[PDB]
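Colleague: Got a structure for you, target.cif, holding mmCIF, C-alpha atoms.
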```cif
data_my_file
#
loop_
_atom_site.group_PDB
_atom_site.id
_atom_site.type_symbol
_atom_site.label_atom_id
_atom_site.label_comp_id
_atom_site.auth_asym_id
_atom_site.auth_seq_id
_atom_site.Cartn_x
_atom_site.Cartn_y
_atom_site.Cartn_z
ATOM 1 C CA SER A 1 -14.746 17.854 -2.825
ATOM 2 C CA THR A 2 -13.208 14.823 -4.481
ATOM 3 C CA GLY A 3 -9.906 13.754 -5.998
ATOM 4 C CA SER A 4 -8.927 11.090 -8.536
ATOM 5 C CA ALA A 5 -5.374 10.089 -9.463
ATOM 6 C CA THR A 6 -3.894 7.309 -11.530
ATOM 7 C CA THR A 7 -1.494 4.936 -9.819
ATOM 8 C CA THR A 8 1.148 3.150 -11.927
ATOM 9 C CA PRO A 9 3.287 0.053 -11.241
ATOM 10 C CA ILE A 10 6.977 0.904 -10.789
ATOM 11 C CA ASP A 11 8.135 -2.159 -12.730
ATOM 12 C CA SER A 12 6.994 -5.199 -14.688
ATOM 13 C CA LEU A 13 6.285 -7.169 -11.497
ATOM 14 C CA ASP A 14 3.998 -4.645 -9.781
ATOM 15 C CA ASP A 15 6.522 -4.403 -6.911
ATOM 16 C CA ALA A 16 4.878 -1.135 -5.863
ATOM 17 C CA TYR A 17 2.680 1.608 -7.300
ATOM 18 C CA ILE A 18 3.404 5.329 -7.639
ATOM 19 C CA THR A 19 0.910 8.165 -7.749
ATOM 20 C CA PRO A 20 1.754 11.768 -8.658
ATOM 21 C CA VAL A 21 1.344 14.294 -5.836
ATOM 22 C CA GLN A 22 1.609 18.090 -6.080
ATOM 23 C CA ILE A 23 3.474 19.708 -3.165
ATOM 24 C CA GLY A 24 4.037 23.408 -2.607
ATOM 25 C CA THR A 25 3.628 26.621 -4.577
ATOM 26 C CA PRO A 26 4.412 26.528 -7.432
ATOM 27 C CA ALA A 27 3.628 22.825 -7.507
ATOM 28 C CA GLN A 28 6.466 20.317 -7.204
ATOM 29 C CA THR A 29 5.197 16.960 -8.473
ATOM 30 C CA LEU A 30 6.625 13.901 -6.737
ATOM 31 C CA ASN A 31 5.655 10.277 -7.353
ATOM 32 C CA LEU A 32 4.686 8.785 -3.996
ATOM 33 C CA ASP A 33 3.910 5.266 -2.808
ATOM 34 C CA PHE A 34 0.421 5.418 -1.294
ATOM 35 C CA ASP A 35 0.598 3.180 1.764
ATOM 36 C CA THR A 36 -2.505 2.147 3.707
ATOM 37 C CA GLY A 37 -0.170 0.436 6.189
ATOM 38 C CA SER A 38 1.549 3.589 7.484
ATOM 39 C CA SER A 39 0.675 7.161 8.401
ATOM 40 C CA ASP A 40 3.563 9.441 7.412
ATOM 41 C CA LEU A 41 3.778 11.533 4.244
ATOM 42 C CA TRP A 42 7.533 11.786 3.684
ATOM 43 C CA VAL A 43 9.593 12.842 0.698
ATOM 44 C CA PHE A 44 13.080 12.874 -0.699
ATOM 45 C CA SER A 45 14.150 16.483 -0.402
ATOM 46 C CA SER A 46 16.877 19.091 -0.739
ATOM 47 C CA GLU A 47 17.751 18.087 2.843
ATOM 48 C CA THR A 48 18.335 14.402 2.058
ATOM 49 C CA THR A 49 21.957 13.277 2.491
ATOM 50 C CA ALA A 50 23.336 13.640 -1.037
ATOM 51 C CA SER A 51 24.880 10.160 -1.242
ATOM 52 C CA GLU A 52 21.467 8.674 -0.412
ATOM 53 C CA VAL A 53 19.751 10.280 -3.407
ATOM 54 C CA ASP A 54 20.010 8.357 -6.697
ATOM 55 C CA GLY A 55 17.557 9.522 -9.351
ATOM 56 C CA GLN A 56 14.576 10.504 -7.188
ATOM 57 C CA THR A 57 12.749 13.775 -7.635
ATOM 58 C CA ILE A 58 13.206 15.932 -4.539
ATOM 59 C CA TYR A 59 11.004 18.425 -2.722
ATOM 60 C CA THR A 60 12.767 21.740 -2.131
ATOM 61 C CA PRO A 61 10.854 23.639 0.532
ATOM 62 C CA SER A 62 12.866 26.854 0.033
ATOM 63 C CA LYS A 63 11.314 27.088 -3.458
ATOM 64 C CA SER A 64 7.732 26.834 -2.154
ATOM 65 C CA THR A 65 6.095 30.076 -1.064
ATOM 66 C CA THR A 66 3.610 28.139 1.080
ATOM 67 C CA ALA A 67 6.155 25.940 2.914
ATOM 68 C CA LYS A 68 6.652 26.583 6.617
ATOM 69 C CA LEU A 69 9.091 24.771 8.891
ATOM 70 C CA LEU A 70 7.189 22.997 11.663
ATOM 71 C CA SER A 71 9.534 24.162 14.386
ATOM 72 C CA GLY A 72 11.100 21.465 16.515
ATOM 73 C CA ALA A 73 9.320 18.604 14.782
ATOM 74 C CA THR A 74 11.191 15.458 13.751
ATOM 75 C CA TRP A 75 10.172 12.070 12.444
ATOM 76 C CA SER A 76 11.647 8.596 12.153
ATOM 77 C CA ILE A 77 10.029 5.474 10.761
ATOM 78 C CA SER A 78 10.937 1.828 10.286
ATOM 79 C CA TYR A 79 8.905 -0.394 7.969
ATOM 80 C CA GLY A 80 8.123 -4.104 8.054
ATOM 81 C CA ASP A 81 10.666 -4.812 5.326
ATOM 82 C CA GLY A 82 13.473 -3.340 7.434
ATOM 83 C CA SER A 83 13.729 -0.065 5.529
ATOM 84 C CA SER A 84 13.712 3.281 7.318
ATOM 85 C CA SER A 85 13.873 7.051 6.954
ATOM 86 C CA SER A 86 13.930 10.149 9.158
ATOM 87 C CA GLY A 87 14.128 13.921 9.095
ATOM 88 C CA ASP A 88 12.322 17.160 9.898
ATOM 89 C CA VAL A 89 8.905 18.566 8.982
ATOM 90 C CA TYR A 90 7.302 21.308 6.924
ATOM 91 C CA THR A 91 3.688 22.174 6.413
ATOM 92 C CA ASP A 92 2.672 22.912 2.840
ATOM 93 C CA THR A 93 -0.113 22.601 0.319
ATOM 94 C CA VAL A 94 -0.580 19.070 -1.007
ATOM 95 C CA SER A 95 -2.874 18.053 -3.851
ATOM 96 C CA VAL A 96 -3.797 14.608 -5.103
ATOM 97 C CA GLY A 97 -5.797 14.254 -8.287
ATOM 98 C CA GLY A 98 -7.389 17.677 -7.850
ATOM 99 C CA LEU A 99 -8.061 17.410 -4.095
ATOM 100 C CA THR A 100 -6.134 20.009 -2.103
ATOM 101 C CA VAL A 101 -5.143 20.063 1.562
ATOM 102 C CA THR A 102 -3.527 23.176 2.997
ATOM 103 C CA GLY A 103 -1.270 22.851 6.029
ATOM 104 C CA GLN A 104 -0.382 19.203 5.371
ATOM 105 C CA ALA A 105 2.627 17.876 7.270
ATOM 106 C CA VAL A 106 5.286 17.066 4.678
ATOM 107 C CA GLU A 107 8.066 15.098 6.326
ATOM 108 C CA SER A 108 11.372 15.936 4.702
ATOM 109 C CA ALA A 109 13.927 13.125 4.729
ATOM 110 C CA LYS A 110 17.401 13.865 6.004
ATOM 111 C CA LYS A 111 18.279 10.149 5.913
ATOM 112 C CA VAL A 112 16.872 7.183 4.013
ATOM 113 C CA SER A 113 17.923 3.533 4.058
ATOM 114 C CA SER A 114 19.534 1.797 1.119
ATOM 115 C CA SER A 115 16.366 0.211 -0.278
ATOM 116 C CA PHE A 116 14.886 3.686 -0.757
ATOM 117 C CA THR A 117 18.037 5.065 -2.361
ATOM 118 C CA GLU A 118 18.169 2.081 -4.703
ATOM 119 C CA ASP A 119 14.619 2.623 -5.922
ATOM 120 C CA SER A 120 14.816 5.607 -8.253
ATOM 121 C CA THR A 121 11.085 5.467 -9.040
ATOM 122 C CA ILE A 122 9.728 6.212 -5.543
ATOM 123 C CA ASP A 123 10.073 9.805 -4.342
ATOM 124 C CA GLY A 124 8.504 9.128 -0.941
ATOM 125 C CA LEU A 125 5.448 7.652 0.786
ATOM 126 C CA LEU A 126 1.949 8.951 1.435
ATOM 127 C CA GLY A 127 0.494 7.159 4.444
ATOM 128 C CA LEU A 128 -3.193 6.286 4.556
ATOM 129 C CA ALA A 129 -3.435 4.231 7.752
ATOM 130 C CA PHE A 130 -4.796 5.898 10.916
ATOM 131 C CA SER A 131 -3.119 9.049 12.193
ATOM 132 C CA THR A 132 -2.390 7.374 15.541
ATOM 133 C CA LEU A 133 0.591 5.719 13.797
ATOM 134 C CA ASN A 134 2.126 8.986 12.606
ATOM 135 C CA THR A 135 5.707 9.290 13.846
ATOM 136 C CA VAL A 136 6.123 13.076 14.094
ATOM 137 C CA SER A 137 7.382 14.207 17.483
ATOM 138 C CA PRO A 138 6.624 16.004 19.736
ATOM 139 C CA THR A 139 3.317 16.815 18.039
ATOM 140 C CA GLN A 140 1.811 13.935 16.059
ATOM 141 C CA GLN A 141 0.474 14.918 12.635
ATOM 142 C CA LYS A 142 -2.542 13.908 10.573
ATOM 143 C CA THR A 143 -2.557 11.978 7.311
ATOM 144 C CA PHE A 144 -3.605 13.558 4.030
ATOM 145 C CA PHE A 145 -6.897 11.626 4.219
ATOM 146 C CA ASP A 146 -7.577 12.684 7.811
ATOM 147 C CA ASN A 147 -7.004 16.336 6.857
ATOM 148 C CA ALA A 148 -9.187 16.090 3.742
ATOM 149 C CA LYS A 149 -11.988 14.037 5.284
ATOM 150 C CA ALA A 150 -14.343 16.775 6.458
ATOM 151 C CA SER A 151 -14.247 18.450 3.025
ATOM 152 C CA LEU A 152 -14.883 15.287 1.034
ATOM 153 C CA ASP A 153 -18.307 14.537 -0.432
ATOM 154 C CA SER A 154 -18.138 11.201 1.447
ATOM 155 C CA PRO A 155 -15.436 10.288 4.002
ATOM 156 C CA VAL A 156 -13.904 7.504 1.910
ATOM 157 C CA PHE A 157 -11.079 6.675 -0.413
ATOM 158 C CA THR A 158 -10.828 3.745 -2.808
ATOM 159 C CA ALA A 159 -7.936 1.686 -4.161
ATOM 160 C CA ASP A 160 -8.280 0.127 -7.602
ATOM 161 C CA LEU A 161 -4.839 -1.322 -8.317
ATOM 162 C CA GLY A 162 -4.063 -2.831 -11.702
ATOM 163 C CA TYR A 163 -2.384 -6.094 -12.576
ATOM 164 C CA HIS A 164 0.560 -5.143 -14.778
ATOM 165 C CA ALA A 165 -1.401 -1.956 -15.585
ATOM 166 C CA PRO A 166 -2.292 1.423 -14.123
ATOM 167 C CA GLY A 167 -5.165 1.846 -11.689
ATOM 168 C CA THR A 168 -6.790 4.561 -9.613
ATOM 169 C CA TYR A 169 -6.995 6.092 -6.140
ATOM 170 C CA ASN A 170 -10.182 8.082 -5.611
ATOM 171 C CA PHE A 171 -10.979 10.329 -2.656
ATOM 172 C CA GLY A 172 -14.467 11.308 -1.560
ATOM 173 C CA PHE A 173 -16.593 9.146 -3.871
ATOM 174 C CA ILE A 174 -17.224 5.571 -4.986
ATOM 175 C CA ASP A 175 -17.002 5.090 -8.772
ATOM 176 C CA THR A 176 -19.857 2.668 -9.381
ATOM 177 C CA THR A 177 -18.517 1.929 -12.896
ATOM 178 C CA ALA A 178 -15.211 0.588 -11.529
ATOM 179 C CA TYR A 179 -16.435 -2.753 -10.164
ATOM 180 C CA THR A 180 -18.821 -5.594 -10.923
ATOM 181 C CA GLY A 181 -21.599 -6.859 -8.671
ATOM 182 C CA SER A 182 -21.909 -5.371 -5.200
ATOM 183 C CA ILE A 183 -19.445 -4.099 -2.610
ATOM 184 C CA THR A 184 -19.328 -6.232 0.541
ATOM 185 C CA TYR A 185 -18.470 -4.274 3.652
ATOM 186 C CA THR A 186 -16.715 -5.774 6.645
ATOM 187 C CA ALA A 187 -15.750 -4.533 10.115
ATOM 188 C CA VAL A 188 -12.455 -2.800 10.877
ATOM 189 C CA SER A 189 -10.472 -2.635 14.104
ATOM 190 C CA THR A 190 -8.375 0.512 14.435
ATOM 191 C CA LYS A 191 -6.754 -0.707 17.660
ATOM 192 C CA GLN A 192 -3.333 -1.174 16.033
ATOM 193 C CA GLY A 193 -3.717 1.847 13.745
ATOM 194 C CA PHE A 194 -4.270 -0.252 10.622
ATOM 195 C CA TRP A 195 -7.179 -1.076 8.345
ATOM 196 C CA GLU A 196 -7.467 -4.405 10.154
ATOM 197 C CA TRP A 197 -10.257 -6.812 9.283
ATOM 198 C CA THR A 198 -11.124 -10.517 9.375
ATOM 199 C CA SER A 199 -11.397 -12.594 6.241
ATOM 200 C CA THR A 200 -13.904 -15.443 6.417
ATOM 201 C CA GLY A 201 -11.695 -18.050 4.721
ATOM 202 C CA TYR A 202 -10.012 -19.207 1.562
ATOM 203 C CA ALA A 203 -9.896 -21.633 -1.333
ATOM 204 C CA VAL A 204 -7.057 -22.862 -3.538
ATOM 205 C CA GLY A 205 -7.822 -23.111 -7.234
ATOM 206 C CA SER A 206 -11.084 -24.945 -7.839
ATOM 207 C CA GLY A 207 -10.952 -26.469 -4.361
ATOM 208 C CA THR A 208 -13.590 -26.228 -1.671
ATOM 209 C CA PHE A 209 -13.807 -23.105 0.443
ATOM 210 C CA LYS A 210 -12.378 -23.397 3.954
ATOM 211 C CA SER A 211 -14.320 -21.292 6.460
ATOM 212 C CA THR A 212 -11.806 -19.873 8.896
ATOM 213 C CA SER A 213 -11.210 -16.441 10.410
ATOM 214 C CA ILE A 214 -8.051 -14.721 9.188
ATOM 215 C CA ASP A 215 -7.291 -11.389 10.847
ATOM 216 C CA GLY A 216 -5.090 -9.129 8.754
ATOM 217 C CA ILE A 217 -4.491 -5.671 7.355
ATOM 218 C CA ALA A 218 -5.354 -4.122 4.000
ATOM 219 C CA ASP A 219 -1.937 -2.739 3.060
ATOM 220 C CA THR A 220 -1.325 -1.120 -0.320
ATOM 221 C CA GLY A 221 2.317 -0.530 0.625
ATOM 222 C CA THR A 222 3.139 -4.243 0.892
ATOM 223 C CA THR A 223 3.702 -6.105 -2.391
ATOM 224 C CA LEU A 224 2.706 -9.653 -1.470
ATOM 225 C CA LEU A 225 -0.005 -11.580 0.348
ATOM 226 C CA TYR A 226 1.204 -12.823 3.747
ATOM 227 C CA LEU A 227 -0.980 -15.429 5.430
ATOM 228 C CA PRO A 228 -0.697 -18.131 8.121
ATOM 229 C CA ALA A 229 1.731 -20.959 7.358
ATOM 230 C CA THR A 230 -1.084 -23.523 7.220
ATOM 231 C CA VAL A 231 -2.883 -21.580 4.461
ATOM 232 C CA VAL A 232 0.301 -20.896 2.512
ATOM 233 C CA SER A 233 1.384 -24.553 2.671
ATOM 234 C CA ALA A 234 -2.032 -25.618 1.357
ATOM 235 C CA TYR A 235 -1.635 -23.244 -1.590
ATOM 236 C CA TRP A 236 1.900 -24.238 -2.625
ATOM 237 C CA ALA A 237 1.174 -27.937 -2.188
ATOM 238 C CA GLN A 238 -0.916 -27.573 -5.368
ATOM 239 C CA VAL A 239 2.120 -26.449 -7.396
ATOM 240 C CA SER A 240 4.449 -29.277 -8.472
ATOM 241 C CA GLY A 241 7.995 -28.588 -7.354
ATOM 242 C CA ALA A 242 7.168 -25.627 -5.124
ATOM 243 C CA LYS A 243 9.077 -25.409 -1.875
ATOM 244 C CA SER A 244 10.005 -23.019 0.885
ATOM 245 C CA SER A 245 13.587 -21.897 0.543
ATOM 246 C CA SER A 246 15.322 -20.450 3.587
ATOM 247 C CA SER A 247 18.150 -19.238 1.326
ATOM 248 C CA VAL A 248 15.792 -17.287 -0.955
ATOM 249 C CA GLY A 249 13.490 -16.168 1.870
ATOM 250 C CA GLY A 250 10.200 -17.853 1.041
ATOM 251 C CA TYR A 251 8.294 -20.097 -1.296
ATOM 252 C CA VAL A 252 9.684 -20.548 -4.774
ATOM 253 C CA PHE A 253 8.262 -22.543 -7.658
ATOM 254 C CA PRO A 254 9.337 -23.749 -11.101
ATOM 255 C CA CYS A 255 8.922 -20.956 -13.607
ATOM 256 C CA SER A 256 7.359 -23.564 -15.942
ATOM 257 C CA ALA A 257 4.373 -23.965 -13.588
ATOM 258 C CA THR A 258 0.838 -22.802 -14.148
ATOM 259 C CA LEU A 259 -0.282 -21.322 -10.809
ATOM 260 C CA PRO A 260 -3.739 -21.956 -9.337
ATOM 261 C CA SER A 261 -5.930 -19.070 -8.263
ATOM 262 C CA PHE A 262 -6.434 -18.169 -4.603
ATOM 263 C CA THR A 263 -9.800 -17.072 -3.226
ATOM 264 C CA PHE A 264 -10.324 -15.127 -0.006
ATOM 265 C CA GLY A 265 -13.592 -14.492 1.793
ATOM 266 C CA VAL A 266 -15.106 -11.119 2.614
ATOM 267 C CA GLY A 267 -18.202 -11.958 4.626
ATOM 268 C CA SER A 268 -20.249 -14.244 2.376
ATOM 269 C CA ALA A 269 -18.516 -12.795 -0.720
ATOM 270 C CA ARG A 270 -15.426 -14.140 -2.467
ATOM 271 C CA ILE A 271 -12.492 -12.379 -4.147
ATOM 272 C CA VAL A 272 -10.543 -14.496 -6.652
ATOM 273 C CA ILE A 273 -6.850 -13.791 -7.183
ATOM 274 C CA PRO A 274 -5.854 -15.254 -10.567
ATOM 275 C CA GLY A 275 -2.822 -17.532 -10.548
ATOM 276 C CA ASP A 276 -0.795 -15.159 -12.713
ATOM 277 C CA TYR A 277 -1.038 -12.492 -9.998
ATOM 278 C CA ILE A 278 0.964 -14.817 -7.717
ATOM 279 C CA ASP A 279 3.980 -15.010 -10.066
ATOM 280 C CA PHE A 280 6.843 -12.678 -9.068
ATOM 281 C CA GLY A 281 9.257 -13.988 -11.639
ATOM 282 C CA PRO A 282 12.777 -15.409 -11.532
ATOM 283 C CA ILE A 283 14.529 -15.151 -8.179
ATOM 284 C CA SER A 284 17.568 -13.783 -10.047
ATOM 285 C CA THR A 285 18.016 -12.898 -13.705
ATOM 286 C CA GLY A 286 17.917 -16.016 -15.877
ATOM 287 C CA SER A 287 16.867 -18.383 -13.102
ATOM 288 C CA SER A 288 14.136 -20.967 -13.680
ATOM 289 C CA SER A 289 13.116 -20.690 -10.014
ATOM 290 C CA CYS A 290 10.337 -18.127 -9.560
ATOM 291 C CA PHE A 291 9.315 -16.249 -6.407
ATOM 292 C CA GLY A 292 5.829 -16.767 -5.033
ATOM 293 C CA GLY A 293 3.342 -14.002 -4.340
ATOM 294 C CA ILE A 294 1.739 -15.761 -1.375
ATOM 295 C CA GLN A 295 4.124 -16.098 1.555
ATOM 296 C CA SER A 296 3.963 -17.030 5.225
ATOM 297 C CA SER A 297 3.258 -14.326 7.812
ATOM 298 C CA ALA A 298 4.847 -16.456 10.528
ATOM 299 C CA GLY A 299 7.293 -14.227 12.346
ATOM 300 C CA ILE A 300 5.775 -11.007 10.945
ATOM 301 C CA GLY A 301 3.216 -11.085 13.719
ATOM 302 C CA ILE A 302 0.357 -10.053 11.441
ATOM 303 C CA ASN A 303 -1.308 -11.226 8.252
ATOM 304 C CA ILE A 304 -1.043 -8.755 5.372
ATOM 305 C CA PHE A 305 -3.459 -8.409 2.470
ATOM 306 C CA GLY A 306 -0.949 -6.628 0.270
ATOM 307 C CA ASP A 307 -1.087 -5.698 -3.391
ATOM 308 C CA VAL A 308 -1.386 -9.295 -4.648
ATOM 309 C CA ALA A 309 -4.757 -9.500 -2.870
ATOM 310 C CA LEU A 310 -5.927 -5.925 -3.201
ATOM 311 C CA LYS A 311 -5.325 -5.651 -6.940
ATOM 312 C CA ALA A 312 -7.892 -8.438 -7.474
ATOM 313 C CA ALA A 313 -10.557 -6.130 -5.980
ATOM 314 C CA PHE A 314 -12.047 -2.677 -5.873
ATOM 315 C CA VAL A 315 -11.412 -1.683 -2.249
ATOM 316 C CA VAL A 316 -13.263 0.946 -0.239
ATOM 317 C CA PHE A 317 -11.530 2.463 2.781
ATOM 318 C CA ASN A 318 -14.513 3.931 4.596
ATOM 319 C CA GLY A 319 -13.388 6.521 7.135
ATOM 320 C CA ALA A 320 -16.797 7.153 8.680
ATOM 321 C CA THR A 321 -17.011 7.548 12.470
ATOM 322 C CA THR A 322 -16.922 3.758 12.647
ATOM 323 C CA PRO A 323 -14.539 2.777 9.837
ATOM 324 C CA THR A 324 -15.211 -0.219 7.579
ATOM 325 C CA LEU A 325 -13.657 -1.839 4.506
ATOM 326 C CA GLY A 326 -15.487 -2.753 1.330
ATOM 327 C CA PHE A 327 -14.442 -5.224 -1.369
ATOM 328 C CA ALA A 328 -15.929 -5.821 -4.808
ATOM 329 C CA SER A 329 -14.822 -7.949 -7.734
ATOM 330 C CA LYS A 330 -13.911 -6.043 -10.900
#
```
Written as structure tokens, how would this file's structure read?
Modeller:
Amino acid sequence: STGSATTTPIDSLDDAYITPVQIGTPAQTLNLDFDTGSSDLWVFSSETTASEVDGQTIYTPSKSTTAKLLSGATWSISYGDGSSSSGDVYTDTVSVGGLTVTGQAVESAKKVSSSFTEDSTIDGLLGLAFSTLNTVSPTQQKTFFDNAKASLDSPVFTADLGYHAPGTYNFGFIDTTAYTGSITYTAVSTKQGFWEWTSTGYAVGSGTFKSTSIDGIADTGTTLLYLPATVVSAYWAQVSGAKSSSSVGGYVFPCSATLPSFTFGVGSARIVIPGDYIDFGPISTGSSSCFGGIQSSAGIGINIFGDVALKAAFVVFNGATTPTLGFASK
């Protein structure tokens, strides 16, 4: 089997991407944030504290003839950005772009933190990291991908995120029309439950390539590119007037600037992030200070190849017995 679904930016900055997901019988379509950095499929629901729902579409398990309470199961998750959610668990039928999993754990939120409430466009998350990170207790549950894997034509999914435009998540096949040149594959460590890999280096603008190993995670659920302070300083040094602002929470730059590109290495291959992809706009409405899309990972504890990086590539998440990651230009 295969599936193919369009993923759409939630706003004009590409702060996140939403993908429609069918849950239950009859189908209830929710728009979920596909997140290769976590492993829970959770939704706003009829069980979510009413004051914490503000415009989201909710899953109502009592209206699904295939929903079953997973007795005694609870979940609770905290994300890198400080947001969180928790609740109980149903199993139900879940379909993405024509690919159907029966018996998928659907984690129903009883509580969500303010950042979730405040984002009316995201109805929940669909985790695509390794199932070892799933938070359901006392019986850990599998991700949608893990459940689908054996049925797929090939045990892979691909992320093709757009810049200020829709893109595609495919399951079970590689669309050879969706990228240019060849796909370069690179090793993955699953030791921390992430799609963790090692970039071979970077360049800033038209500058020379610096060969250096940068361990990090391919994370569709993180907006920005978070890299070591040395790398980030070298980038922003090429932008007149750019500076790190403790008050704002990272590097800012004059909105009048033209940003240089940033290149990262995948083996001997190179992925070029255009400068415009690094512009996250005014820090507040009407400001001439703009927020940067490349930020320091210092104090995160891990480097994160988030959407800024991934949207410059066609990315293969190969879930073979020994997982790997592939990157192609597009």
Colleague: With stretch 311-317 of chain A as the partner and 7 Å as the cut-off, tabulate the residues of stretch 256-306 of chain A that qualify, each row holding the nearest pair of atoms and their distance in Å to one decimal, using only C-alpha atoms, sorted by chain and rising number, as JSON lines.
Modeller:
```
{"residue": "A:271", "atom": "CA", "partner": "A:313", "partner_atom": "CA", "distance": 6.8}
{"residue": "A:272", "atom": "CA", "partner": "A:312", "partner_atom": "CA", "distance": 6.7}
{"residue": "A:273", "atom": "CA", "partner": "A:312", "partner_atom": "CA", "distance": 5.5}
```
Colleague: I need the residues from that last selection saved to file as a compact mmCIF listing (two decimals), keeping the file's coordinate frame (with C-alpha atoms), if you can.
Modeller:
```
# COMPACT_ATOMS: atom_id res chain seq x y z
CA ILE A 271 -12.49 -12.38 -4.15
CA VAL A 272 -10.54 -14.50 -6.65
CA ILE A 273 -6.85 -13.79 -7.18
```
Colleague: Pick out the residues sitting within 8 Å of residue A:154, and hand them over as a ChimeraX atom specification; count all atoms listed in the file, and ignore anything fewer than 4 positions along from it in its own chain.
Modeller: /A:149,172-173
Colleague: I'd like to know which of A:29, A:66, A:247, A:83 is closest to residue A:119, using all atoms listed in the file.
Modeller: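 With all atoms listed in the file as the atom set, the closest residue is A:83.
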Colleague: Please list as a ChimeraX atom specification every residue within 10 Å of residue A:300, counting all atoms listed in the file and excluding residues in the same chain fewer than 6 positions away.
Modeller: /A:80-81,226-227
Colleague: Which residues, written as a list in words, have at least one atom at most 12 Å from residue A:288, with only C-alpha atoms counted and residues fewer than 3 positions away on the same chain left out?
Modeller: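 Contacts, with the query itself left out: residues 241, 242, 252, 253, 254, 255, 256, 257, 280, 281, 282, 283, 284, 285 and 291 of chain A.
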Colleague: Considering all atoms listed in the file, state which residue in the set A:132, A:322, A:120, A:147 is at the smallest distance from residue A:94.
Modeller: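 Of all the options, A:147 lies closest to residue A:94.
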